[PDB]
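Trainee: Would you mind keeping the following structure in view while I ask a few things?
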Amino acid sequence: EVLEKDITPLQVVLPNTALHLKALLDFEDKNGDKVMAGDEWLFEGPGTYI
Amino acid sequence: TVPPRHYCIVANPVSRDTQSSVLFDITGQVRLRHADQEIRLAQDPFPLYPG
């Protein structure tokens with residue numbers, strides 16, 4: 001076991017705030033389909049994630 | 001005399017290159033080992049060599 005710490009799974013929803021995600025080494029890891037590269041997404045609404 | 005050593009490419013980031021050491025070869029590619037120089041990604045957590 002290596003490269004680990006304690007992340008508090010931060011949450012936000014609606015006008016409140018926003019999440020400027022990117023993909024550090026990732027291509028397609030999420031539900032609907034498959035992202036193209038190390039590009040960037042927005043996040044607005046109820047719950048958080050991984 | 002060798003205490004610490006490794007063969008780890010910490011995720012896709014911070015990756016590494018090498019002077020080639022091609023010992024095993026598939027039915028697709030048989031390569032020059034001490035004539036070429038190589039580049040490595042995360043998809044290769046195979047161990048180390050001599051040259």
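Identifiers in the structure tokens: chain A, B, ... in order shown; residue index from 1 per chain; ligand index from 1 in order shown.
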Where does DSSP see strand (DSSP E or B) in chain B, if you list the residues as a PyMOL selection string?
Mentor: chain B and resi 17-19+37-39
Trainee: Pick out the residues sitting within 6 Å of residue B:38, and hand them over as a count of residues only; count only C-alpha atoms, and ignore anything fewer than 2 positions along from it in its own chain.
Mentor: 4
Trainee: With only C-alpha atoms considered, list every residue of chain A at most 9 Å from chain B, as a list in words.
Mentor: residues 24, 25 and 26 of chain A
Trainee: Can those selected residues be exported to a file as a PDB file, in the first residue's frame so that it contains C-alpha atoms?
Mentor:
ATOM      1  CA  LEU A  24      -4.588  13.760 -14.817  1.00  0.00           C
ATOM      2  CA  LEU A  25      -4.052  10.306 -16.387  1.00  0.00           C
ATOM      3  CA  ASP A  26      -7.624   9.426 -17.263  1.00  0.00           C
TER       4      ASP A  26
END
Trainee: Would you mind listing what lies within 7 Å of residue A:41 as an mmCIF file with N, CA and C atoms, in the first residue's frame, with only C-alpha atoms counted and same-chain residues fewer than 5 positions away left out?
Mentor:
data_model
loop_
_atom_site.group_PDB
_atom_site.id
_atom_site.type_symbol
_atom_site.label_atom_id
_atom_site.label_comp_id
_atom_site.auth_asym_id
_atom_site.auth_seq_id
_atom_site.Cartn_x
_atom_site.Cartn_y
_atom_site.Cartn_z
ATOM 1 N N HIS A 20 -14.255 22.396 -11.249
ATOM 2 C CA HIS A 20 -13.466 22.511 -12.478
ATOM 3 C C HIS A 20 -12.538 21.301 -12.610
ATOM 4 N N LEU A 21 -13.107 20.123 -12.868
ATOM 5 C CA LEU A 21 -12.308 18.891 -12.961
ATOM 6 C C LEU A 21 -11.488 18.822 -14.260
ATOM 7 N N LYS A 22 -10.406 18.032 -14.238
ATOM 8 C CA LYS A 22 -9.629 17.641 -15.438
ATOM 9 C C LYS A 22 -9.328 16.139 -15.340
#
Trainee: Could you list, as a VMD selection string, every residue within 10 Å of residue B:47, counting only C-alpha atoms and ignoring same-chain residues fewer than 6 positions away?
Mentor: chain B and resid 6 to 8
Trainee: Only C-alpha atoms, please: the residues just picked out, written as a compact mmCIF listing (two decimals), in the first residue's frame.
Mentor:
# COMPACT_ATOMS: atom_id res chain seq x y z
CA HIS B 6 12.65 -0.34 -8.50
CA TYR B 7 10.64 -0.73 -11.75
CA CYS B 8 7.72 1.64 -11.05
Trainee: Could you work out how far atom CA of residue A:23 lies from atom CA of residue A:39, giving the answer in Å with one decimal?
Mentor: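 Computed distance, atom CA of residue A:39 to atom CA of residue A:23, equals 5.7 Å.
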Trainee: May I have the residues within 8 Å of residue B:34 as a PyMOL selection string, using only C-alpha atoms and disregarding those fewer than 2 positions away in the same chain?
Mentor: chain B and resi 19-21+32+36-37+51
Trainee: Would you mind exporting N, CA and C atoms of the selected residues as a PDB file, in the first residue's frame?
Mentor:
ATOM      1  N   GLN B  19      17.879   2.658 -21.887  1.00  0.00           N
ATOM      2  CA  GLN B  19      18.654   1.882 -22.871  1.00  0.00           C
ATOM      3  C   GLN B  19      18.044   0.489 -22.957  1.00  0.00           C
ATOM      4  N   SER B  20      17.585   0.115 -24.152  1.00  0.00           N
ATOM      5  CA  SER B  20      16.788  -1.107 -24.332  1.00  0.00           C
ATOM      6  C   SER B  20      17.431  -2.391 -23.772  1.00  0.00           C
ATOM      7  N   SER B  21      16.576  -3.349 -23.416  1.00  0.00           N
ATOM      8  CA  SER B  21      16.990  -4.642 -22.870  1.00  0.00           C
ATOM      9  C   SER B  21      15.937  -5.710 -23.228  1.00  0.00           C
ATOM     10  N   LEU B  32      16.008  -5.387 -31.446  1.00  0.00           N
ATOM     11  CA  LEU B  32      17.397  -5.143 -31.037  1.00  0.00           C
ATOM     12  C   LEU B  32      17.446  -4.638 -29.594  1.00  0.00           C
ATOM     13  N   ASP B  36      19.351  -0.297 -29.657  1.00  0.00           N
ATOM     14  CA  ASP B  36      18.306   0.734 -29.591  1.00  0.00           C
ATOM     15  C   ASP B  36      18.193   1.340 -28.169  1.00  0.00           C
ATOM     16  N   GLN B  37      17.517   2.485 -28.052  1.00  0.00           N
ATOM     17  CA  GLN B  37      17.185   3.084 -26.749  1.00  0.00           C
ATOM     18  C   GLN B  37      15.660   3.271 -26.636  1.00  0.00           C
ATOM     19  N   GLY B  51      22.141  -4.548 -18.622  1.00  0.00           N
ATOM     20  CA  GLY B  51      22.693  -3.498 -19.495  1.00  0.00           C
ATOM     21  C   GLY B  51      21.764  -2.314 -19.719  1.00  0.00           C
TER      22      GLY B  51
END
Trainee: Within 10 Å of residue A:17, counting only C-alpha atoms, which residues show up once you throw out same-chain ones fewer than 2 positions away? Write them as an mmCIF file with C-alpha atoms, in the first residue's frame, please.
Mentor:
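Output file part24.cif follows:
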data_model
loop_
_atom_site.group_PDB
_atom_site.id
_atom_site.type_symbol
_atom_site.label_atom_id
_atom_site.label_comp_id
_atom_site.auth_asym_id
_atom_site.auth_seq_id
_atom_site.Cartn_x
_atom_site.Cartn_y
_atom_site.Cartn_z
ATOM 1 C CA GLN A 11 -19.788 18.527 -1.858
ATOM 2 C CA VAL A 12 -21.550 21.437 -3.627
ATOM 3 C CA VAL A 13 -24.827 22.022 -5.570
ATOM 4 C CA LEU A 14 -26.432 24.696 -7.881
ATOM 5 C CA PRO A 15 -25.328 28.450 -7.885
ATOM 6 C CA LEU A 19 -16.165 21.976 -9.815
ATOM 7 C CA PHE A 43 -19.977 19.866 -12.019
ATOM 8 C CA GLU A 44 -23.312 21.408 -10.901
ATOM 9 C CA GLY A 45 -26.101 19.852 -8.773
#
Trainee: Under the rule that only C-alpha atoms are counted, which of B:30, B:9, B:14, B:22 is the nearest residue to residue B:45?
Mentor: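 Of all the options, B:9 lies closest to residue B:45.
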